[PDB]
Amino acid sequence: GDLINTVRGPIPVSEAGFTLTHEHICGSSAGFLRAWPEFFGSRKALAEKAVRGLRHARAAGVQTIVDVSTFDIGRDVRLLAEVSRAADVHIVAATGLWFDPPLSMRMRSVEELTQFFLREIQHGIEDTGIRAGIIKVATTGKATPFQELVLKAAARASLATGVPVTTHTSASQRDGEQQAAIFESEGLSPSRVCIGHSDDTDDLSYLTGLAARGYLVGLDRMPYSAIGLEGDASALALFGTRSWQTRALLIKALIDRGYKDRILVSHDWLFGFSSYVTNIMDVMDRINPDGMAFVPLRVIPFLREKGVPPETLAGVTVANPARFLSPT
């Protein structure tokens, strides 16, 4: 009955199945894939890599990914539709703004940003008719003045459409608390919101405080670890020095504290990555050759072997994303 928009059109919520709620086909910048496709070898090479990766995920049981690339992450919805079709994996596209908005966005009011998010949800992205099914926002510490506007615009767009909001945080700085305060100031329900990158911290006081208020807690960087690459400063800064098992333990922790229905799990993976240092994709591909199959192949069995019931693991990977993505 309930439906969600994907880059291939509407699908029943019940067909979303096992869903990775924070992912990227390509982490880039607005206009960049059009201006400089050779950065990625070629657009064709990038697509082929993405198709191989999504087929691998699919083989491991993933049926849907939420590509949370916004305009300023250089989201290319035609690319998403091409790879979704070829790999037979659903892709939900995003509106919103990450932390690299250009001046044409940064100069905008809350009202104007709301119109833009609404356009991408209700009308379509660019000239494609593909509708966003999620709204992505970001802070990296205390919100900038502009980021405050973005979070308010995200709340308003969500209220008008029922589409959920998902966030990038600096989890070590506990951004989720201010994000929550801003969302609530606009009257947005916490159940419409996922506070992302929350597995970047082991601060369970912070995480359970959010979960208790009804927020979804995005444990979405599972394979991120620069353990063994301490010589690579850019890898250390991005990936951290905590193991995937450490990250995965937070899923169990929240389940053990009663919060199984408030957890979303993902990788924050990608198949191309131009917004960071050159060759970062090769480093990442070495850290996690499994890509977006890492959660089903490593994390879910790890949790099972720690005694998490199959029903609970299905609730986390199927029921929670379905409830979150269903327009409400």
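We number the residues from 1 along the sequence you see.
Trainee: For the C-alpha atoms alone, is the average B factor greater in 304-312 or in 9-17, going by the entry?
Mentor: Between 9-17 and 304-312, it is 304-312.
Trainee: Comparing 283-291 with 55-63, which stretch shows the greater average C-alpha B-factor in the deposited entry?
Mentor: Higher of the two, by average CA B-factor, is 283-291.
Trainee: By the CA temperature factor listed in this entry, which of these ranks top: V165, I251, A138, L238?
Mentor: Of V165, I251, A138, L238, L238 has the highest C-alpha B-factor.
Trainee: Hey, out of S185, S104, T95, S198, whose CA B-factor is highest in the deposited coordinates?
Mentor: Highest C-alpha B-factor among the listed options: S185.
Trainee: Looking at the entry's B-factor column for C-alpha atoms only, identify whether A322 ranks in the lowest, middle or highest third of its chain.
Mentor: Middle third, going by the recorded CA B-factors of the chain.
Trainee: Relative to the other modelled residues of the same chain, rank the CA B-factor of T114 and answer lowest, middle or highest third.
Mentor: It falls in the middle third of the chain.
Trainee: Thinking about Cα B factors across the chain, which third does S170 belong to?
Mentor: Middle third of the chain for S170's C-alpha B-factor.
Trainee: Which third, lowest, middle or highest, does the CA B-factor of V68 fall in along this chain?
Mentor: It belongs to the lowest third of the chain when residues are ordered by C-alpha B-factor.
Trainee: Place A233 in the lowest, middle or highest third of its chain's C-alpha B-factors, as listed in the PDB entry.
Mentor: Answer is highest: the recorded C-alpha B-factor places it there.
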